[PDB]
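Sharing a structure below in structure tokens format, with a few things to ask.
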Amino acid sequence: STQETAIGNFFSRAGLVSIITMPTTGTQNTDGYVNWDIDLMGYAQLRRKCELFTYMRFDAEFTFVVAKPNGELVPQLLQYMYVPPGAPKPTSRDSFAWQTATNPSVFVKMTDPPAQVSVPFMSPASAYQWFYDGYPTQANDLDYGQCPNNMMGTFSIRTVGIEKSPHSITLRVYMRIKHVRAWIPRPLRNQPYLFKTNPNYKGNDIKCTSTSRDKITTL
Amino acid sequence: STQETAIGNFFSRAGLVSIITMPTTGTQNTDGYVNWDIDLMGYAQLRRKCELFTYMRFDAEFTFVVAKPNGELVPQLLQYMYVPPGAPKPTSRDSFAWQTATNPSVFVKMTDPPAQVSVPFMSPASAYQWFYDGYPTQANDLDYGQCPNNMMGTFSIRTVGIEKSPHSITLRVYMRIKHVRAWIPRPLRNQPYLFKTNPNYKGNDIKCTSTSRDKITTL
Amino acid sequence: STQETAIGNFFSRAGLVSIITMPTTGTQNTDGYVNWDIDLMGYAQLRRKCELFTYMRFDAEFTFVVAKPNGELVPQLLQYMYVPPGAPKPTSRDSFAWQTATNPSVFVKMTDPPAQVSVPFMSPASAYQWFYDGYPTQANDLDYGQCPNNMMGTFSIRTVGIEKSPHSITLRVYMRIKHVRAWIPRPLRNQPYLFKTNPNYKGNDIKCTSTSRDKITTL
Amino acid sequence: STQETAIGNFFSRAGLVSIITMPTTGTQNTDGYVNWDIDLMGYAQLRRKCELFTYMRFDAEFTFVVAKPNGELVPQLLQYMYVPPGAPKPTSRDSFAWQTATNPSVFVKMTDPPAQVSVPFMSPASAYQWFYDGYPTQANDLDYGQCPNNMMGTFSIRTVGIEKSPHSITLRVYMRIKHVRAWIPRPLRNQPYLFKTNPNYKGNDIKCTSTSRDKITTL
Amino acid sequence: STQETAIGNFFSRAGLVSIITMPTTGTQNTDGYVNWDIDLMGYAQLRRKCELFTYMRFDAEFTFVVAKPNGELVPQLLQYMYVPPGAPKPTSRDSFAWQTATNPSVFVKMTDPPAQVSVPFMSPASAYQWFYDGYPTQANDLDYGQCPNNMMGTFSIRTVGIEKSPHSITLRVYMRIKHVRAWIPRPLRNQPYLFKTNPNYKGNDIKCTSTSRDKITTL
């Protein structure tokens, strides 16, 4: 069936896009909260799939699978807050940001089944674009290829309550692309990725698209 | 879309309107209960938004997010009682008020998902009014601008059971305005608020509506 | 709206009609069960409301709010049995009565949300009557005004299991009157109540229906 | 209403038909399982009701109310297996019988609300019969009145898991007769029952159907 | 009724197809995960039933009944991942395989009721075949009768979380055949099975299809 090769089926399925960890005390948790900016170019697997196209438009479904680091669940009340683009992100475990009515928040117990929410098409432009041959502001670093109109928002996680939580939390964020539309197909990345924000490739070790053989007649 | 600028969308979304805390023993809890009169002029954020209009009419949806102070949940049975206007409020952890059939009460376990209830348009007048240029009873303090026809009711929280609860409770009250209607738009508050019940402003430090610059030509 | 003054709205709302307590061991609990005969003339508040009419007919909805005496809930299996009129009531924590198919019983865990059940119009007569100027069998005590055709049934509560429960239980019984019909309105009780089963009033201290004043002209 | 005297209403309502107890260790539980053959002639109350008719046909609804002996519930996974007639019953806590696809089994946690299942009309004959004036194979004991075509099946209870359960279990089995049909009404048992499988009565102490009085004129 | 002898009814009902055990530490669990390739020829009971036909086509419903080895349940988050045919299976408790979007995974708590999922008809051929009189690649062992087009997939179980789970898990996998279709009926296996992948039988001890008797006239 040709349905299997349709843009939609190719970009369906919820995949893991991030793994936030909030230990009781260690390196980055005397805070008590986390700010994860929604990022797709996170996993090279999904990134390569997207960079097959120049422009894309879609909705995103997020599912929040949390539990303690060993898999155990406890009666802990959590809060996930979506900070749209152009909005101020929490800077402390108790910033005013957490009370701002305009930053939709979802409250759920770690015992309750995973929370699920859908985020629309945020760009101010007609489509997200993985490639911008210009500057949003010149030969050159910093400020090139960067298109801020792809900014999808930020998710701020934290345990509820005035005192810090006794439990460490390991949260897995899954995302599913709904209603996909793609434009202008381009060559498939054949060089290892070096950065999230640009096509730079290792220029000394340029790998060949295909494996080799001895003679052009041996097969 | 113009829908985004519609009165309804502007006043939608559930925001935090109050944070009640009932510790086992400290300052105000050898009682075991709390009486929160429904108050909107609580958070200056929402208050400024309302004082953009003279009269407003609407329904209110209340959601009760509770848990212990650190975010943990325990099998504690709670009772939230709505004491309408003109009704007697509980004066002790065990007043008759808690048994009065006419004071609707909702019983829920701290484990159960947040309780949610809708309160109608209580005023005896056609609309709530954030400004009353008269007296409900004269140059002058006390008894001015005060309109008792805006009184929306009181919520009385307490743990159920004859003995006091072993757990401390931190309850967050969220409110959402439904079916909003507004009349007679007025200037937007440009001076810091000094009191909940009146427009008094600091008259020595009168802030300018806009920032300044050197010359009227430098830009 | 006149709807607010309608017999139905006047007698709606679930009110507390009884508070049964079953401690592990104290005065009346080496038993392990309780027999509460359904009684409305329990709370003078609701009683006065009913004695505004001579005859009344209605269905009753019962809700069972239970928890330990301090409000905590535990995984305890309880059984509530309705013993109709003319049926034999349990006389021990393990009478045959608890197994009698004809005594409908509802089993629920103290963790599960409150059990709710509806009891119909039990009287063998066309309506319940709060006043019977005769004898069911003469100037006179005992056997007067007593109409057994108002007998609505009994509720027998107990913890399930062959051994006694480790936990103390405090159960609140709420009742709501559905489909109300009233006949022959009568004067409103103006003297304090002395007994559940009769209009006897303190005859030495007869209180006046209204407060007093000095002169009939001072106001 | 005549509806109350209808065969259906007379045989409705779920009654207790059995009480299985599986202690950790005592007399009959170093096993870890129980085999209860579905038996109606268990409780003389229901038995007398059935023997008012010669033939009966009906479906049966079974509800499984379990908990520890004191009424407490714990996170124990149980398995109830229905072994139809002509099928092999488990002979050990781990017989192959428990894995046989054809023996429908229902898995439920003691925390989950009571399991409920419906068993159809199993007899190979058109109706169950409480009386068979013949032999299924002669004056005489053993092998008389016994009709094996009334065999409804067996229920095998056990805790899941390879190791024995730490908890003792007391399970109450309730049964409700659905879609009842009865034929050929007969005299009502007036002598105490002596056995489950036959009408034998104590012949020395033959009780009179009615109480006595002195003279045939005194009343 | 002939419905009882229909291919569908004959192959219905969920039966146990596998019992995976993941102890904290013992022989095969310092790993923390398990890879069970979906196998029907597991239980000789069901296998014999299938080998009554040459070709079969059907969907499969899998139910995952898990709990600790003694039947107790704990708040443990588990993950069941379906690795289709031609896909790479996890090789460690934390392989990339567990993050691969294309390997559908279902997350469920051991407290939640058993997870249930349906797997379609995976073969690249029109039907699964329990007999292939050829080679997929000759008199002869290894590489005969083996048809890889019957490969249905693999299920990879594991506890979620970065650290190993404190609890041992015993998981029972039930399978139900939906929408069955069978072709070309063949003789029923009358010799004990020796291997999962071939009809080899013990040739010294060849058992007779029927029991014996003395004379051909004694009955």
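Please list, in order, the residues from region D:171-209 whose amide nitrogen is less than 20 Å from a point placed 7 Å along the Cα→Cβ vector of D:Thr21.
D:171-174
What percent of all Cα-Cα pairs in chain C falls in each 5 Å bin, counting up from 0?
1, 6, 12, 15, 16, 14, 12, 10, 7, 4, 2, 1, 1, 0, 0
Once you have the Kirkwood Rh of region D:31-88 from its Cα pairs, apply Stokes-Einstein at 20 °C and 1.002 mPa s and quote D in µm²/s.
142 µm²/s
Mind checking the mean number of beta-carbon atoms from other chains within 10 Å of the Cβ atoms in A:126-134?
Across A:126-134, the average partner-chain Cβ count within 10 Å equals 0.
So what is the calculated 222 nm ellipticity per residue for chain C, using -39500 (n - 2.57) for each DSSP H run with n of 4 or more, over all residues, to the nearest 500 deg cm²/dmol?
Counting only the DSSP helices, I get -1000 deg cm²/dmol.
Compute the label-point distances linking A:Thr91 to its equivalents in the other copies; points lie 7 Å from Cα along Cα→Cβ; give nm, one decimal, shortest first.
Values, ascending and in nm: 4.8, 4.8, 7.8, 7.8.
Then there's this: Past the 28 Å Cα-Cα mark, which pairs from D:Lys89/D:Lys109; D:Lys109/E:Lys49; E:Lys68/E:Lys178; B:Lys178/C:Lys49?
As for pairs spanning more than 28 Å Cα to Cα, those are D:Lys109/E:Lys49; E:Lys68/E:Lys178; B:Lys178/C:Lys49.
Pull out the extension gain between A:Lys178 and A:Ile162, defined as 0.36 nm times the separation in residues minus the alpha carbon to alpha carbon distance; nm, one decimal.
Net length gain for the segment: 2.0 nm.
I've got another one for you. How do the peptides C:32-44, C:182-194 rank, highest first, by the average count of neighbouring beta carbon atoms within 10 Å per residue?
The most tightly packed comes first, giving C:32-44, C:182-194.
If you don't mind, there's one more thing I want to ask. Could you sort the peptides C:150-156, E:156-162, A:10-16, C:196-202 by per-residue average Cβ neighbour count (10 Å cutoff), highest mean leading?
E:156-162, C:150-156, A:10-16, C:196-202
Can you list the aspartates and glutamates whose alpha carbon is less than 20 Å from that of E:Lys164, not counting same-chain residues fewer than 8 positions off?
Reachable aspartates and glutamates: A:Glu72, E:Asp31, E:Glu72, E:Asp94.
Just checking the output field for D:63-71: average partner chain Cβ neighbours within 10 Å of each residue's Cβ?
That average works out to 6.
Per-residue counts of other Cβ atoms within 10 Å, averaged by peptide: what ranking do you get for E:211-218, B:63-70, highest first?
Top to bottom by mean Cβ count within 10 Å: B:63-70, E:211-218.
So what is log10(I(q)/I(0)) for region C:77-118 at q = 0.19, 0.24, 0.26 1/Å, when the Debye sum runs over its Cα atoms only?
Calculated log10 I(q)/I(0) at the listed q: -0.61, -0.88, -0.96.
Can you give the average number of partner chain beta-carbon atoms within 10 Å of each beta-carbon in peptide B:107-115, as a whole number?
Counting Cβ atoms of other protein chains within 10 Å of each residue's Cβ and averaging gives 4.
Rounded to whole Å, give me the distance from the Cα center of region A:152-203 to that of region B:1-70.
Region A:152-203 and region B:1-70 have Cα centres spaced 34 Å from each other.
Mind checking the dipole of region C:54-197: about its Cα centre, +1 per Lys or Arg Cβ, -1 per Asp or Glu Cβ, Debye to the nearest 20?
Dipole about the Cα centre, nearest 20: 280 debye.
Let me ask you something else. Give me the dipole magnitude in Debye, nearest 20, for the protein assembly as shown about the Cα centre, with unit charges on the beta carbon: positive for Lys and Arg, negative for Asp and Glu.
880 debye
Largest first, please: the extent of the C-alpha atoms of the protein assembly as shown along each principal axis, to the nearest Å.
Computed over the Cα atoms, the extents are 128, 127, 45 Å.
Shifting gears a bit: Hey, rough spin-label estimate for B:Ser92 and A:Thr218, points 7 angstrom out along Cα→Cβ, what's it come to in nanometres?
Going from the B:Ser92 label point to the A:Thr218 one covers 10.0 nm.
Tell me the label-point distance for the pair B:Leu52, A:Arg48, using the 7 Å Cα-to-Cβ offset, in nm and rounded to one decimal.
5.0 nm
What is the residue of chain C with the smallest Cβ distance to the axis taking C onto B, and what is that distance in whole Å?
Closest Cβ on chain C to the axis mapping it onto B, in Å: C:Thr111, 7.
No value in this document is a laboratory result; all are computed from the given coordinates. Reconstructed Cβ throughout: ideal geometry from the backbone, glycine too, with neighbour counts over all protein chains shown.
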